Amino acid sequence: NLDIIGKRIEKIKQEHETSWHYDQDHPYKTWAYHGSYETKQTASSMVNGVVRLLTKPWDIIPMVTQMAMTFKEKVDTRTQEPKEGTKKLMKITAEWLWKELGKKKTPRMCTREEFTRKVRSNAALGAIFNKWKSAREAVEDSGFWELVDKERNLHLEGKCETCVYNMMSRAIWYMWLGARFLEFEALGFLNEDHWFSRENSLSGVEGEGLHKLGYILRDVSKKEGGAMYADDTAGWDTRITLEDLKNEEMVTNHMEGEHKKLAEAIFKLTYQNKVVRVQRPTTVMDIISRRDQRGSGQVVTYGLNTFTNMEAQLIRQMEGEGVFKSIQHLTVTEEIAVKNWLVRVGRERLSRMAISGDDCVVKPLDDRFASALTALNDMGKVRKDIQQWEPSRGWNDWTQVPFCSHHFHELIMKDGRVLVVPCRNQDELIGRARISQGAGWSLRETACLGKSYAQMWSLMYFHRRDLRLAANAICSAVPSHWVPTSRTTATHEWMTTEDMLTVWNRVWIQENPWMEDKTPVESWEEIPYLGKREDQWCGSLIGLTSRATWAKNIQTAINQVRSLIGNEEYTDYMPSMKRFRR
C-alpha cells in the first residue's frame, strides 16, 4: 500500500496545496480514495463531409445517422480471489506458456531511438498535453530525457514518483509520455518482436490482418472436434485479478540485468499498484488507487490480454477433457497430469484457438467444453449475455462465427479460386467512415481520411456492391495524388498511393499462402461479389429506389465534391465497374 503509491500521492498533493481536501461524499466503494483538488475542463465525434456527400441514401438510415450523435459502475466493482486449485492451474499454465512463447524469441529493452521514431510517425501511445505542446516536441528536448532518467533511476531503486494514470464498456488510461516510454522500454518487445504472431504463439493473430483472419478460422474448422465456441467476457479489463497480474509478471523470469529490474518495476509499481486521476462533476479531480484490473498502455494491454486469455482457454479445455476434477484443490498427481497434458498436447490445443486480446474462438476436442464452467467462472472471466451455469452455445459453421467484430464468407471467383473475405453489417461500415475525431481538419485532410476508408473498402469489402461503388466514387472525388491519412493508425495495406488493383493482387493472390495458383487478376470485373441475397442480408441497399438513383446519378455526386475541393487533378474510377463501362 502507501509505501509504494504515497510518493506519487504526496507529489500531487503539493502541486494543489491550496485545494487539497478529503471530500466525505466520495462515490468510490472498491477504489481506495485519497483526496480531491480543483480543475475545470472536459471531444465529440465530427462528420466527414466528403464521405457523407457520397453516401446520400444512408442520410435517412437511423443505424448510420445515430452513430455520429452524442460503464464506470463496472470499473467500481471487485473480483473475488480464485480458489487454491484454480491458482495452481493458472501458475502451472502461465509458467509453461511463457517458456513456449520464449523458445524462439529473446526479451530485450526497446530504445529511446525506437520510441522517438514511433512518436514522429503518429501512433496512439495514449499520452497527455504541461511543458511541451505535443509528444513530437518533448522527444527532441533533452530536458524531458533527464525527467525520464530521474524516474528510471527511481525504478531501479524500486520506487515511483510520476507514473500516474488519467481516466477518460471502455476506459482509456493516459499517462505522461515519460511513464509511457518506461513502459515501452521494459515491455514493448512483446509487440515490437511479435510474441503473439500465429507462428510464435499458435493461438495468436498479432500482425495477421483482416484478410487472413477468415482463412485462420477455416484452418481451425478443419480440426476434428466439437462446435466452435466464441464466448465474450463481460468487461474483461475489470476481471483481471491480482493473481492474473502475478502470472503475467513471470515474463521477467526470462529477462536479465537492467531489463529484468526495469520490467519488474513496471509490473510492481504501475500494474500491481495504480494511482489514477478522475474528473468528477460534483468539477474536482479525485486521486484513487487499486491493486487489480487492467490499466496499462493499450499495446501492452493487448499482449497481456492475449496471454491471459490463451491461459484461461487452455484451462477451460483441460476442464472439459477431465484433466482435473475440482478447482477447490489440485492433488499432487493432478499437478503432474496437468504438466504432462501441456507437454504432450499443449501446442496442439493452442492451434485449436484464435485469440485477439479478450476475443477468442476455440474448437475443443468435443462439446464437454460447453458445460466446463467452474475454472472459467472462478478465474472471474464471466461470460456476457448468458446465465453463469448455462452451457455455452457453439457454432456449427466457421462462416457464422463472430471474431474481431466480423464474420467471414467463402467466395468463389469465376476462375474457381477461393477467397475467404471479412464482412460485417454494412450500416456499421458506412456509419464509421462518416465520422472523424478531433478539431482543425482542413478540407484536404477530411478528403484524405475519406480516401483511406475508400481504399480499405476496395481491399477488404470489395465483395459488397454498395461499398465497391462508394469506394470508386470517393477515389474519383479526391485528387488522384493526395495521400490517404488517419489520426489513430491489423496490417494497413490500403494506406498507399499505389494503384488499388496492384495492391489487391499482392494481398489476395501473390502473398496469400492459401492461394496455390498465382495468376494475376487483370481487372476489377474478375473480382466477385457475395450473392445478391447474401449482400442484402449483410445490409446492402441493392433493390431500393434510393440506391438505384444514387448509383445512376453518381457522377453528379462526384462532381459536387470535386467543385468543393476545386481545380485539382482527378481520375474517373467508375468505368472499372461493368455498368459504368459504356
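We call the rigid core the largest set of C-alpha positions that still match within 1.5 Å between the two forms. Note that residue numbering follows the sequence shown and begins at 1.
Trainee: Following superposition on the rigid core, is the mean squared CA displacement, expressed as RMS, greater for 106-114 or for 505-513 in 9 other deposited structures of this protein?
Mentor: Output: 505-513, the stretch lying farther off on average in 9 other deposited structures of this protein.
Trainee: Which of the two stretches, 431-439 versus 226-234, has its Cα atoms farther on average from this form in 9 other deposited structures of this protein when everything is superposed by the rigid core?
Mentor: Taking the RMS over all superposed structures in 9 other deposited structures of this protein, 431-439 lies farther out.
Trainee: Output yes if residue 489 is unmodelled in at least a third of the other compared entries of this protein, no if it is modelled in all of them.
Mentor: Residue status for residue 489: gap in at least one third of the other entries.
Trainee: Is residue 527 a gap in at least one third of the other compared entries?
Mentor: It is not, since residue 527 is included in all of the other entries that model both flanking stretches.
Trainee: Counting only residues of the deposited sequence, how many between residue 282 and residue 283 have no atoms in the entry (none, 1 to 3, 4 to 9, 10 or more)?
Mentor: In the record, 1 to 3 residues between residue 282 and residue 283 lack coordinates.
Trainee: Between residues given as residue 489 and residue 490, how many of the deposited sequence are not built: none, 1 to 3, 4 to 9, or 10 or more?
Mentor: Unmodelled stretch: 4 to 9 residues.
Trainee: Select between 445-453 and 223-231 the stretch whose C-alpha atoms have the higher average B-factor in the entry.
Mentor: So the stretch with the higher mean C-alpha B-factor is 223-231.
Trainee: Take the C-alpha B-factors listed in the entry for 417-425 and for 245-253, compute each mean, and give the stretch with the larger one.
Mentor: So the stretch with the higher mean C-alpha B-factor is 245-253.
Trainee: Would you mind finding, among 512, 142, 485, 405, the residue with the largest C-alpha temperature factor in the entry?
Mentor: The listed residue with the largest C-alpha B-factor is 142.
Trainee: Which of these, 469, 154, 263, 362, has its C-alpha atom at the highest B-factor, as the entry lists it?
Mentor: When the deposited C-alpha B-factors of 469, 154, 263, 362 are compared, 154 is largest.
Trainee: Grab the CA temperature factor for residue 438 from the record and place it in the lowest, middle or highest third of its chain.
Mentor: CA B-factor rank for residue 438: highest third.
Trainee: When the modelled residues of the chain are sorted by Cα temperature factor, does residue 176 land in the lowest, middle or highest third?
Mentor: Tercile = highest for this residue's CA B-factor.
Trainee: Among the modelled residues of this chain, does the Cα B factor of residue 148 put it in the lowest, middle or highest third?
Mentor: It falls in the top third of the chain.
Trainee: Splitting the chain's C-alpha B-factors into thirds, which one does residue 541 fall into?
Mentor: Residue 541: CA B-factor falls in the lowest third of its chain.
Trainee: Please place residue 55 in the lowest, middle or highest third of its chain according to the CA B-factor in the PDB entry.
Mentor: Lowest third, going by the recorded CA B-factors of the chain.
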